[PDB]
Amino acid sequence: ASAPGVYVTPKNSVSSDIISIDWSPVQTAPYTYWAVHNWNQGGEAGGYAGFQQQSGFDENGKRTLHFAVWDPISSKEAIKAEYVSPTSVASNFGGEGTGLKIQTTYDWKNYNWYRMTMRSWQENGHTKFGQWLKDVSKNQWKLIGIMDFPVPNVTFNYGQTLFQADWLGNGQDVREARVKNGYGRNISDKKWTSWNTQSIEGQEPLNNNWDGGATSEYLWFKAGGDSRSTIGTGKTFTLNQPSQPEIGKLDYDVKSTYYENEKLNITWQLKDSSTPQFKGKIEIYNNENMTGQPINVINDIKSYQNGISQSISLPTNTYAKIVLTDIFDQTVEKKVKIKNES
């Protein structure tokens, strides 16, 4: 009744705080989950993320992103949905296990590339898990969702794998996708591990209703319909990707920097093609060279905040050091004179 699962597994993944892979759908049977990221199976902060064809066979069906983290093993504190995008909905799941999921309506398209990048980080004694998606054709990043997990010092510790799964039982319907550009950032040294070599493996060694292979460009895999394995129970394949990933640049324009009636307003906009914002800080100096100590500091500007409005007492001539950093820890600093009129 069900298409067999297919797993694509890096040979060399390690404990990571950033995990990234590129995915392209080819055939999209309904009730298919491409979980392109998986971590900590059976463990603290177990989770996954990817793409679902929830209904229909094509773009006119319900196409989504998915993100889930299982409830803490010991802590009684709830996982919080800290941030959901305009098309994202956070809900608690149940059945044999419980936790938090974010489902995001997202009009992804056949034969287009989608880069799903997850980051885990420590903030206020908790671990945050964030989901970002680059639409490669549009050259546009979007922040999808951030979960606040009430246990410190958890990360994408083990179990990196992708799966394609039929969750309803329509093994007659073929599902096929491609992946490339798998990378993790190591907890050990903050350097990148390249998943250049991956195994493609059917879930059931006795079920051959799936197939896989690689071009010089991508790994591909399918299951269901007339799929029949050309690679036995599984096979390993190498892509010629660079050992360090090609990371774009953080690029933004300051839109306002003015002080009026004891209120400081500073706003910015990342360029359409920029890497996405991870955090911000603004130091305010009483001198152009920004020597000595700032007279004031605005800390803990979040990934989802593109400005500040603060009641503050300043002298005549103030200068703002705007320090933004992207999800890849690239920092871009601008120095702007604060204007004393809106």
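Heads up: residue numbers just count along the shown sequence, starting at 1.
Note on 276-284 vs 304-312: mean CA B-factor is higher in 304-312. 228-236 and 105-113 differ in mean CA B-factor, and the higher of the two is recorded for 228-236. Across the options 127, 85, 131, 243, the residue with the most elevated CA B-factor in the record is 243. Residues shown: 186, 164, 261, 161. Highest C-alpha temperature factor in the entry: 261. Among the modelled residues of its chain, residue 325 has a C-alpha B-factor that falls in the middle third, as given in the PDB entry.
In the deposited entry, the Cα temperature factor of residue 99 places it in the middle third of its chain's modelled residues. The deposited CA B-factor of residue 12 belongs to the highest third of values across its chain.
Ranked against the other modelled residues of its chain, the C-alpha B-factor of residue 247 as given in the entry falls in the highest third. Sort the chain's modelled residues by C-alpha temperature factor and residue 180 lands in the lowest third, per the entry.
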